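A.B. asks: Take a look at the following structure, please.
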Amino acid sequence: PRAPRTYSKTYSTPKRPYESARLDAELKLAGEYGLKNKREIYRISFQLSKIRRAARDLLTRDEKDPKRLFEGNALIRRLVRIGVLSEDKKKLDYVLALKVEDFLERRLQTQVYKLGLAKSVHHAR
Amino acid sequence: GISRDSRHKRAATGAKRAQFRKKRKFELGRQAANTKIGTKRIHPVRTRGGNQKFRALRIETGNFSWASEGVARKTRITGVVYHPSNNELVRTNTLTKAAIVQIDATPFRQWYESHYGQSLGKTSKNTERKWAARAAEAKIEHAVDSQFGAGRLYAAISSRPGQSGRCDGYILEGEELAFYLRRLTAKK
Amino acid sequence: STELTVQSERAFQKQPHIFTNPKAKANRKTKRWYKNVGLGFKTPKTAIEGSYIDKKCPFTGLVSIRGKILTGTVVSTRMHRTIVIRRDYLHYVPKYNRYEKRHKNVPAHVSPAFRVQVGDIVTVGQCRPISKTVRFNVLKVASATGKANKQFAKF
Amino acid sequence: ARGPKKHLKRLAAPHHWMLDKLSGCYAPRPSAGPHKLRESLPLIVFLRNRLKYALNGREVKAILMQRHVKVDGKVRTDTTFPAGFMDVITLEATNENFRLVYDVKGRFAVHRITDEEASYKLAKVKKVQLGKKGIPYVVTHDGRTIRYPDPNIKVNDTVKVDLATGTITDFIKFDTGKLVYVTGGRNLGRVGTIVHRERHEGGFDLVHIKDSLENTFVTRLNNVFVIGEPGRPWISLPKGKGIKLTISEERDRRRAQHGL
RNA sequence: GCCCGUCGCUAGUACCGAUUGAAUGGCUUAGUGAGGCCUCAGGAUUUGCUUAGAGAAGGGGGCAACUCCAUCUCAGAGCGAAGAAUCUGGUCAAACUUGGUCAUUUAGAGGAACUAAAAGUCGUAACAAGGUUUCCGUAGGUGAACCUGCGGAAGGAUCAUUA
RNA sequence: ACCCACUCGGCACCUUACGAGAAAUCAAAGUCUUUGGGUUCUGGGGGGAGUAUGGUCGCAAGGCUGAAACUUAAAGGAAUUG
RNA sequence: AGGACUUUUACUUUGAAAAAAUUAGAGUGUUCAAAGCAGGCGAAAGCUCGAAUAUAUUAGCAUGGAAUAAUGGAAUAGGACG
RNA sequence: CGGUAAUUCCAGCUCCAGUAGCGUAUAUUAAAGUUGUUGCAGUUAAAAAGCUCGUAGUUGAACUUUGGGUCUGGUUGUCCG
RNA sequence: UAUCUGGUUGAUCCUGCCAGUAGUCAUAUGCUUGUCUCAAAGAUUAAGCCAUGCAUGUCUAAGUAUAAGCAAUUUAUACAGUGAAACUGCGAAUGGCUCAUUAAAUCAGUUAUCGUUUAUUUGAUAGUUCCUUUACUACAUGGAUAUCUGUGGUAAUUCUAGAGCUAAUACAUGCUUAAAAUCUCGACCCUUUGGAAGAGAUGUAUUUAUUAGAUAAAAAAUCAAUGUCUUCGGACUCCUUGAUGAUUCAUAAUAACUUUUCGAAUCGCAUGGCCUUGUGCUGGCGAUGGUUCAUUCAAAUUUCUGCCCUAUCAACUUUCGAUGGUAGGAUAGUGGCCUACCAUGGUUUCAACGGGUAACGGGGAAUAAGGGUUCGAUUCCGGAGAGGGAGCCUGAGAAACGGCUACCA
Ligand SMILES: [Mg+2]
Ligand SMILES: [Mg+2]
Ligand SMILES: [Mg+2]
Ligand SMILES: [Mg+2]
Ligand SMILES: [Mg+2]
Ligand SMILES: [Mg+2]
Ligand SMILES: [Mg+2]
Ligand SMILES: [Mg+2]
Ligand SMILES: [Mg+2]
Ligand SMILES: [Mg+2]
Ligand SMILES: [Mg+2]
Ligand SMILES: [Mg+2]
Ligand SMILES: [Mg+2]
Ligand SMILES: [Mg+2]
Ligand SMILES: [Mg+2]
Ligand SMILES: [Mg+2]
Ligand SMILES: [Mg+2]
Ligand SMILES: [Mg+2]
Ligand SMILES: [Mg+2]
Ligand SMILES: [Mg+2]
Ligand SMILES: [Mg+2]
Ligand SMILES: [Mg+2]
Ligand SMILES: [Mg+2]
Ligand SMILES: [Mg+2]
Ligand SMILES: [Mg+2]
Ligand SMILES: [Mg+2]
Ligand SMILES: [Mg+2]
Ligand SMILES: [Mg+2]
Ligand SMILES: [Mg+2]
Ligand SMILES: [Mg+2]
Ligand SMILES: [Mg+2]
Ligand SMILES: [Mg+2]
Ligand SMILES: [Mg+2]
Ligand SMILES: [Mg+2]
Ligand SMILES: [Mg+2]
Ligand SMILES: [Mg+2]
Ligand SMILES: [Mg+2]
Ligand SMILES: [Mg+2]
Ligand SMILES: [Mg+2]
Ligand SMILES: [Mg+2]
Ligand SMILES: [Mg+2]
Ligand SMILES: [Mg+2]
Ligand SMILES: [Mg+2]
Ligand SMILES: [Mg+2]
Ligand SMILES: [Mg+2]
């Protein structure tokens with residue numbers, strides 16, 4: 001018997017599987033950024049939800065509290081290092097305002113498309 | 001195989017505990033020594049962690065101590081006259097701890113004679129001066145003189161022949177003897 | 001519930017290895033050995049000058065007090081040389097955030113130096129296993145009566 | 001289990017040996033020795049992991065066998081020797097000397113320490129008793145039984161074994177206002193001064209400790225090891241001197257002292 | 001319009017159930033009780049101390065108490081020491097026989113049912129004042145729903161007689 | 001004995017919603033998503049079923065306690081128009 | 001640092017404790033990630049920061065508080081002090 | 001849904017959802033404010049014992065120093081150095 | 001990660017469930033299946049039964065070498081190299097697997113052992129083994145015994161009987177070896193303050209009695225006992241005592257006791273120094289042992305609190321231990337753990353006792369507004385078990401089962 005290393009899920013399928021507006025939005029996001037499946041949007045939404053649970057938990061805590069300072073500025077520095085959160089809004093209250101499209105935008109796919117060396121999103125893929 | 005664990009006993013409430021963890025080796029209990037008198041025969045038993053134990057069945061002679069002047073002598077056990085737990089051992093002459101036995105009592109007698117010389121039951125100048133400095137302080141009580149005249153001393157064993165293998169004890173003396181002789185007169 | 005005779009049973013009752021010399025002419029009562037259990041617990045003078053024996057006395061016997069110290073109320077003083085103490089407490093059920101009155105019955109061994117009766121609150125201390133169920137020795141009778149200190153009414 | 005246990009699974013090893021939870025089913029169980037295995041440190045862990053002088057078990061065995069390791073002036077050729085707190089590990093090759101003292105994160109840190117002071121060791125007094133024929137003796141935390149000690153050396157005290165003859169060189173008396181180390185619990189590695197020692201009649205003495213940064217905590221007396229007088233430690237304290245900087249302060253240290 | 005019950009047919013479910021059933025397991029009265037352990041004995045054999053008299057041929061390194069020698073060797077006899085089989089009493093007690101008891105499965109003639117299936121039959125109780133208002137408790141009766149008696153209740157078909 | 005005014009307690013009653021309810025309606029069935037005064041009993045779809053079994057009470061009648069197997073997509077409450 | 005008396009709780013703050021793995025969570029380009037406790041930097045001539053923290057809501061131990069909730073004093077004075 | 005025009009059965013075409021995964025069965029969790037301590041209902045929908053007394057359990061009126069003045073220590077927002 | 005929708009009706013508002021929905025380190029199964037990393041995996045019913053093969057043996061320069069095994073060459077008159085086999089020593093009680101039994105049982109957190117055993121590891125630890133010492137092996141005491149050489153038996157098994165040698169850190173014995181001091185017993189004298197030639201025992205280990213193991217603080221008189229010095233008034237001034245919260249603790253002392261434990265008759269390397277120049281005197285680094293006390297790995301018990309459903313289980317337990325007392329036995333040790341004699345007690349509506357668990361406990365998993373519900377056979381910690389039962393040898397540690405004995409299947 002050897003110590004296990006923990007596998008863990010990275011997405012969460014939505015509750016209502018046949019929401020028309022939600023399905024159309026998911027197809028819009030898949031076609032805009034050349035996503036292979038709709039599991040990609042689920043994964044980005046799950047990452048956003050984890051970040052957001054952390055953000056709201058830190059918000060609940062009192063201002064000028066060591067936990068608030070340490071973990072809040074850690075999360076903000078990580079997100080601005082990723083690039084999704086602009087340097088203007090390093091406040092931990094705009095961190096709740098991030099949308100799934102923001103993390104979609106920082107994908108290497110969309111970055112290669114932006115730089116211009118790939119003239120199409122599917123070409124970037 | 002004789003266990004001494006608490007599982008087989010009922011709970012304090014009274015429920016019958018179900019069987020669990022068939023009894024171990026660190027819970028064992030061995031047979032009683034139920035020692036006797038005569039023809040010294042001590043059997044070694046190898047207990048937990050070495051530590052040789054000695055069963056002392058059939059033991060005839062042992063050390064006995066006198067508390068008043070505090071002197072110990074090897075002497076013979078001659079029968080058991082009272083046992084505080086079960087008179088059955090007395091009838092069977094089984095010798096265990098706290099039993100009351102009779103003593104040949106001679107070694108104490110001539111130790112007294114060479115020590116004070118009061119001629120119970122009825123020289124160099126150094127010994128004479130020792131006795132003079134003593135100045136008859138040996139005013140030991142009357143009942144011990146009574147069984148000295150009888151010749152057999154009343155002693156209570158204090159060693160555990162079942163475990164140690166020895167047969168050591170001390171003579172009844174003072175109110176001790178008093179108590180037990182009343183009990184003996186109850187037997188008489 | 002205590003016999004007038006200082007030894008009543010068939011075996012003699014002595015404190016082991018404390019010896020009074022009969023050949024000596026001091027003629028004091030006896031040589032009674034005692035100790036203090038510590039923790040700032042006062043040995044009772046009834047044990048100090050008493051004549052009982054009680055092998056399992058925290059103050060005069062071989063047993064030593066160490067470990068838990070429990071305060072309870074006497075629920076049964078009417079079995080020989082031992083006491084049954086009711087310890088009440090509140091178990092906290094968290095699913096309701098509510099407490100639950102509960103009680104346990106702790107057997108113990110009260111020395112003859114103490115005069116106990118039903119209803120006395122008692123401080124008791126841990127010791128060696130004395131019997132199958134008793135593991136505590138009564139160390140203090142805090143409330144001797146509680147509400148029976150004054151009984152009569154004669155103005 | 002019927003009898004002693006001779007295997008230590010990797011997850012069951014103390015989190016201060018702080019091995020890799022993968023790459024092995026078991027962990028080095030320290031053999032019986034001068035220290036509790038929960039508190040000690042096997043030589044294989046100290047060499048293969050802490051020092052990386054070796055690579056695996058065979059290399060550690062070859063190192064120990066040729067008598068290059070010297071624990072407290074003795075060879076100790078067994079792989080899982082429990083080299084515990086304050087022991088001295090000498091390697092004549094690289095002429096290096098280590099003394100095991102917890103870094104404030106609470107771990108057996110590699111402390112390279114000078115040869116001159118490596119001649120001696122410090123120890124906590126755990127018992128003062130009278131052995132046969134009326135000879136007084138003192139038992140330290142290593143289990144060293146030092147015969148004929150100073151008559152006013154008491155329990156919980158500290159002493160300075162010369163580690164060559166193994167006798168009594170000097171000692172420090174436990175009392176308030178004295179530099180002290182912590183050897184267990186949340187306050188591992190912390191160094192301070194004894195402000196008060198509340199007695200607590202009946203057991204489990206506690207002492208309050210205030211360090212140089214003027215922070216205060218409280219620890220059990222079993223968990224305490226007097227190390228010297230304030231401003232004058234009797235040993236060479238490790239880097240950081242066990243101040244226990246806050247996590248935010250540690251982040252500020254990472255940011256400030258930074259060059260790449 | 002809607003629906004009530006008896007009897008009639010089919011499939012399933014469950015129950016009772018004489019058979020004084022059957023199996024398993026649990027305990028357990030009573031009677032046996034392997035084997036180990038302890039103990040009482042016992043004493044094949046192995047041995048050591050002994051002078052216990054021989055042949056040995058300096059079976060001492062001086063025909064002889066060898067100027068004996070861990071000398072050849074058994075009748076010795078004693079004293080030990082170890083000591084197998086066997087064996088006295090316990091003790092732990094597996095397990096066997098015998099009944100008793102309980103629990104679960106297990107059949108089982110026959111009996112009383114309940115469902116679903118609704119195009120059988122006899123009536124038409126209820127829903128309207130259901131054409132005898134309804135319903136409840138209790139008792140009797142009868143192919144069947146139901147009827148009747150005595151107390152209630154409106155969920156009544158009256159919130160109302162100072163007309 | 002009435003008449004007028006007031007007060008305590010009781011069976012009650014009229015109006016009203018400014019409150020509550022699915023409403024019929026309730027001055028309590030209010031002070032309940034702005035949810036906590038104390039406290040006891042009961043119900044978790046309908047049927048099987050207040051049946052069987054096991055207790056317990058009873059002379060008896062029967063009372064108290066009291067399921068499941070199985071079946072079913074409804075049964076039921078108030079009110080609106082015919 | 002010693003004798004001395006200690007009303008006792010319930011409650012609540014803080015701390016020591018509640019093994020590692022797991023959950024949370026800091027750092028870290030495993031090519032990203034699940035993960036892992038790694039790694040990073042020299043001129044390439046040995047120099048290095050790490051392996052963070054928190055929570056467990058019960059039982060026990062210590063500690064500060066005295067509202068809320070409970071018990072006990074002095075009524076025969078056998079009460080408190082000198 | 002299927003009774004001679006089947007958007008529901010068997011097929012062809014088109015399309016939809018997830019996608020190297022998807023479909024079923026049982027179990028279980030959220031949905032379940034359908035277990036309700038937070039947080040359920042009892043007039044008629046299921047549900048207030050026929051009523052009263054009563055041990056245990058649960059709960060239980062108010063009251064016992066509240067004020068002030070000064071000095072002084074940290075933490076803030078102050079105005080600016 | 002605070003959400004609802006279809007269905008009772010001609011139609012409505014409800015109560016209500018059915019159904020839908022999304023999970024699931026929850027499996028099974030169906031249809032498909034290209035890659036990299038990663039990985040569960042005969043738990044559910046049957047802790048049902050097992051062929052076959054492995055799963056524990058071990059040698060360093062340092063316990064024993066005469067393999068009639070190998071090397072016989074640069075190291076070789078006892079032996080040295082390598083090394084089968086066997087004796088010796090040690091482990092085999094770790095690990096691995098399963099969850100059958102078990103509902104204050106295990107287990108978790110928290111205590112205790114001033115209530116006990118503990119191979120090993122680590123640190124210390126002993127002159128006395130003399131017993132009348134003016135006659136002994138201490139320059140080394142004895143006998144077996146495997147391996148082996150040969151004879152067999154049985155159909156076979158890790159079956160071994162007879163004969164012949166042979167060894168030890170195996171089994172037995174046993175020697176030095178000081179001094180000192182303390183206890184005891186006296187060939188005498190000289191009138192007290194009596195004080196002295198001299199003789200035996202005392203290491204440790206065991207057992208039992210007794211003593212010391214103190215301690216709040218300044219002075220007295222007196223009587224007796226009677227000790228030192230007396231500069232003959234009398235002064236007595238000096239008394240040593242460790243630890244905890246507590247002890248009869250640690251320890252010391254006296255008397256004794258033992259079918260008398262230990263106190264090195266053991267190995268490797270280097271073999272130096274002194275010259276008393278001989279095999280003489282000494283002499284280093286280790287390896288194994290070895291008594292006791294510690295320390296460590298532990299092991300046993302042990303305090304408080306915490307467990308799922310059930311009253312269609314309300315009283316349960318005690319002649320056969322049920323609660324307590326005492327003494328004894330046994331235990332490593334406390335303990336009705338067992339026995340003898342006494343007392344009649346202990347638990348319970350705060351759910352005892354009984355029944356059920358398709359129940360091993362826990363760390364944890366799924367699920368997620370908050371509160372919770374369900375699961376936890378399994379990677380870690382504990383417990384239990386080896387077909388069901390009992391019994392036991394060896395050891396420090398087993399009621400072991402890849403150890404034995406017996407019954408049942
Ligand atoms: Mg194991
Ligand atoms: Mg049918
Ligand atoms: Mg027999
Ligand atoms: Mg008709
Ligand atoms: Mg009709
Ligand atoms: Mg009509
Ligand atoms: Mg009609
Ligand atoms: Mg009609
Ligand atoms: Mg129903
Ligand atoms: Mg009904
Ligand atoms: Mg009936
Ligand atoms: Mg209607
Ligand atoms: Mg943890
Ligand atoms: Mg994570
Ligand atoms: Mg068509
Ligand atoms: Mg409801
Ligand atoms: Mg109705
Ligand atoms: Mg109704
Ligand atoms: Mg009612
Ligand atoms: Mg009441
Ligand atoms: Mg009040
Ligand atoms: Mg919810
Ligand atoms: Mg309807
Ligand atoms: Mg319709
Ligand atoms: Mg559903
Ligand atoms: Mg490839
Ligand atoms: Mg299985
Ligand atoms: Mg072997
Ligand atoms: Mg060799
Ligand atoms: Mg049970
Ligand atoms: Mg004493
Ligand atoms: Mg002692
Ligand atoms: Mg006893
Ligand atoms: Mg089970
Ligand atoms: Mg488990
Ligand atoms: Mg479980
Ligand atoms: Mg199972
Ligand atoms: Mg396990
Ligand atoms: Mg086992
Ligand atoms: Mg099997
Ligand atoms: Mg062994
Ligand atoms: Mg077995
Ligand atoms: Mg096997
Ligand atoms: Mg095994
Ligand atoms: Mg075998």
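Just so we're on the same page: first chain in the structure tokens is A, next is B, and so on; residues restart at 1 for each chain, and ligands are numbered from 1 in the order they show up.
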Report as a PyMOL selection string which protein, DNA and RNA residues come within 9 Å of ligand 30, using only C-alpha atoms (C1' of nucleotides) and all ligand atoms.
C.D. replies: chain I and resi 103+354-356
A.B. asks: At a cut-off of 10 Å and counting only C-alpha atoms (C1' of nucleotides) and all ligand atoms, what residues surround ligand 42? Please answer as a PDB file with N, CA and C atoms (P, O5', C5', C4', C3', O3' and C1' of nucleotides), in the first residue's frame.
C.D. replies:
ATOM      1  N   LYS B  22     -10.468 -14.057  22.186  1.00  0.00           N
ATOM      2  CA  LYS B  22     -10.147 -15.261  22.952  1.00  0.00           C
ATOM      3  C   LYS B  22      -8.896 -15.058  23.798  1.00  0.00           C
TER       4      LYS B  22
ATOM      5  P     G I 385      -8.071 -12.899  18.239  1.00  0.00           P
ATOM      6  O5'   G I 385      -8.348 -13.560  16.819  1.00  0.00           O
ATOM      7  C5'   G I 385      -9.607 -14.145  16.519  1.00  0.00           C
ATOM      8  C4'   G I 385      -9.664 -14.595  15.083  1.00  0.00           C
ATOM      9  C3'   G I 385      -8.429 -15.326  14.581  1.00  0.00           C
ATOM     10  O3'   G I 385      -8.444 -16.701  14.925  1.00  0.00           O
ATOM     11  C1'   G I 385      -9.067 -13.663  13.016  1.00  0.00           C
ATOM     12  P     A I 386      -7.073 -17.527  15.053  1.00  0.00           P
ATOM     13  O5'   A I 386      -6.914 -18.219  13.629  1.00  0.00           O
ATOM     14  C5'   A I 386      -8.011 -18.900  13.028  1.00  0.00           C
ATOM     15  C4'   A I 386      -7.968 -18.814  11.522  1.00  0.00           C
ATOM     16  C3'   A I 386      -6.999 -19.776  10.842  1.00  0.00           C
ATOM     17  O3'   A I 386      -7.521 -20.139   9.566  1.00  0.00           O
ATOM     18  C1'   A I 386      -6.366 -17.553  10.360  1.00  0.00           C
ATOM     19  P     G I 389     -14.800 -19.367  16.678  1.00  0.00           P
ATOM     20  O5'   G I 389     -15.110 -20.420  17.830  1.00  0.00           O
ATOM     21  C5'   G I 389     -14.095 -20.837  18.728  1.00  0.00           C
ATOM     22  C4'   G I 389     -14.348 -22.235  19.231  1.00  0.00           C
ATOM     23  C3'   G I 389     -13.476 -22.691  20.386  1.00  0.00           C
ATOM     24  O3'   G I 389     -13.927 -22.202  21.636  1.00  0.00           O
ATOM     25  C1'   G I 389     -13.537 -24.379  18.749  1.00  0.00           C
ATOM     26  P     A I 390     -13.322 -20.839  22.234  1.00  0.00           P
ATOM     27  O5'   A I 390     -12.721 -21.277  23.640  1.00  0.00           O
ATOM     28  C5'   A I 390     -11.361 -21.661  23.757  1.00  0.00           C
ATOM     29  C4'   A I 390     -11.219 -23.105  24.168  1.00  0.00           C
ATOM     30  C3'   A I 390      -9.867 -23.483  24.751  1.00  0.00           C
ATOM     31  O3'   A I 390      -9.759 -23.164  26.125  1.00  0.00           O
ATOM     32  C1'   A I 390     -10.457 -25.047  23.091  1.00  0.00           C
ATOM     33  P     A I 398       3.465 -13.099  25.027  1.00  0.00           P
ATOM     34  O5'   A I 398       2.429 -13.219  23.823  1.00  0.00           O
ATOM     35  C5'   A I 398       2.882 -13.202  22.473  1.00  0.00           C
ATOM     36  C4'   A I 398       1.899 -13.868  21.543  1.00  0.00           C
ATOM     37  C3'   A I 398       0.874 -14.766  22.220  1.00  0.00           C
ATOM     38  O3'   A I 398      -0.332 -14.747  21.460  1.00  0.00           O
ATOM     39  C1'   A I 398       2.232 -16.068  20.778  1.00  0.00           C
ATOM     40  P     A I 399      -1.518 -13.746  21.872  1.00  0.00           P
ATOM     41  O5'   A I 399      -2.334 -14.563  22.967  1.00  0.00           O
ATOM     42  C5'   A I 399      -3.365 -15.465  22.580  1.00  0.00           C
ATOM     43  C4'   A I 399      -2.813 -16.813  22.199  1.00  0.00           C
ATOM     44  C3'   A I 399      -3.857 -17.827  21.742  1.00  0.00           C
ATOM     45  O3'   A I 399      -3.291 -18.670  20.739  1.00  0.00           O
ATOM     46  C1'   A I 399      -2.742 -18.652  23.654  1.00  0.00           C
ATOM     47  P     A I 400      -3.730 -18.497  19.203  1.00  0.00           P
ATOM     48  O5'   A I 400      -2.796 -17.326  18.657  1.00  0.00           O
ATOM     49  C5'   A I 400      -1.404 -17.304  18.952  1.00  0.00           C
ATOM     50  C4'   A I 400      -0.578 -16.837  17.778  1.00  0.00           C
ATOM     51  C3'   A I 400      -0.826 -17.588  16.475  1.00  0.00           C
ATOM     52  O3'   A I 400      -0.584 -16.720  15.368  1.00  0.00           O
ATOM     53  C1'   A I 400       1.401 -17.951  17.178  1.00  0.00           C
ATOM     54  P     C I 401      -1.814 -16.030  14.596  1.00  0.00           P
ATOM     55  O5'   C I 401      -1.669 -16.532  13.090  1.00  0.00           O
ATOM     56  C5'   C I 401      -2.245 -17.761  12.669  1.00  0.00           C
ATOM     57  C4'   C I 401      -1.375 -18.927  13.060  1.00  0.00           C
ATOM     58  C3'   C I 401      -0.715 -19.702  11.933  1.00  0.00           C
ATOM     59  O3'   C I 401       0.437 -19.049  11.432  1.00  0.00           O
ATOM     60  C1'   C I 401      -1.572 -21.197  13.575  1.00  0.00           C
TER      61        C I 401
END
A.B. asks: List the spatial neighbours of residue 33 in chain I as a ChimeraX atom specification - criterion: any atom at most 12 Å away, only C-alpha atoms (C1' of nucleotides), same-chain residues fewer than 6 positions off excluded.
C.D. replies: /H:19-22
A.B. asks: Quick one: write out the picked residues with N, CA, C and O atoms (P, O5', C5', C4', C3', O3' and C1' of nucleotides) as a PDB file, in the first residue's frame?
C.D. replies:
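So the final result, stored in out.pdb, reads:
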ATOM      1  P     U H  19     -19.228  18.132 -24.021  1.00  0.00           P
ATOM      2  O5'   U H  19     -18.592  16.902 -24.807  1.00  0.00           O
ATOM      3  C5'   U H  19     -18.036  15.800 -24.105  1.00  0.00           C
ATOM      4  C4'   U H  19     -17.973  14.566 -24.970  1.00  0.00           C
ATOM      5  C3'   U H  19     -16.883  14.547 -26.028  1.00  0.00           C
ATOM      6  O3'   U H  19     -15.625  14.159 -25.506  1.00  0.00           O
ATOM      7  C1'   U H  19     -18.937  13.867 -26.989  1.00  0.00           C
ATOM      8  P     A H  20     -14.269  14.691 -26.181  1.00  0.00           P
ATOM      9  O5'   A H  20     -13.653  13.399 -26.877  1.00  0.00           O
ATOM     10  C5'   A H  20     -12.902  12.453 -26.123  1.00  0.00           C
ATOM     11  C4'   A H  20     -13.785  11.387 -25.524  1.00  0.00           C
ATOM     12  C3'   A H  20     -13.044  10.272 -24.789  1.00  0.00           C
ATOM     13  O3'   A H  20     -13.860   9.790 -23.723  1.00  0.00           O
ATOM     14  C1'   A H  20     -14.281   9.347 -26.565  1.00  0.00           C
ATOM     15  P     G H  21     -13.816  10.483 -22.273  1.00  0.00           P
ATOM     16  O5'   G H  21     -15.345  10.516 -21.829  1.00  0.00           O
ATOM     17  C5'   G H  21     -16.185  11.595 -22.212  1.00  0.00           C
ATOM     18  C4'   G H  21     -17.238  11.165 -23.204  1.00  0.00           C
ATOM     19  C3'   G H  21     -18.594  10.792 -22.627  1.00  0.00           C
ATOM     20  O3'   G H  21     -19.393  11.927 -22.340  1.00  0.00           O
ATOM     21  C1'   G H  21     -17.936   9.179 -24.231  1.00  0.00           C
ATOM     22  P     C H  22     -20.419  11.908 -21.105  1.00  0.00           P
ATOM     23  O5'   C H  22     -21.681  11.112 -21.664  1.00  0.00           O
ATOM     24  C5'   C H  22     -22.450  11.637 -22.736  1.00  0.00           C
ATOM     25  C4'   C H  22     -23.296  10.572 -23.388  1.00  0.00           C
ATOM     26  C3'   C H  22     -24.271   9.836 -22.484  1.00  0.00           C
ATOM     27  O3'   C H  22     -25.458  10.565 -22.221  1.00  0.00           O
ATOM     28  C1'   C H  22     -23.119   8.276 -23.828  1.00  0.00           C
TER      29        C H  22
END
A.B. asks: Please identify which residues in range 26-57 of chain C DSSP calls alpha helix (DSSP H) from the backbone, and express them as a ChimeraX atom specification.
C.D. replies: /C:45-48
A.B. asks: Would you list the residues that come within 10 Å of ligand 35? Count only C-alpha atoms (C1' of nucleotides) and all ligand atoms and give the answer as a PyMOL selection string.
C.D. replies: chain I and resi 99+360-364+376-378
A.B. asks: Could you please extract the residues within 9 Å of ligand 8, counting only C-alpha atoms (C1' of nucleotides) and all ligand atoms, and hand them back as a list in words?
C.D. replies: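 My answer, listing the contacting residues, is residues 125, 126, 129, 130, 131, 132, 133 and 134 of chain E.
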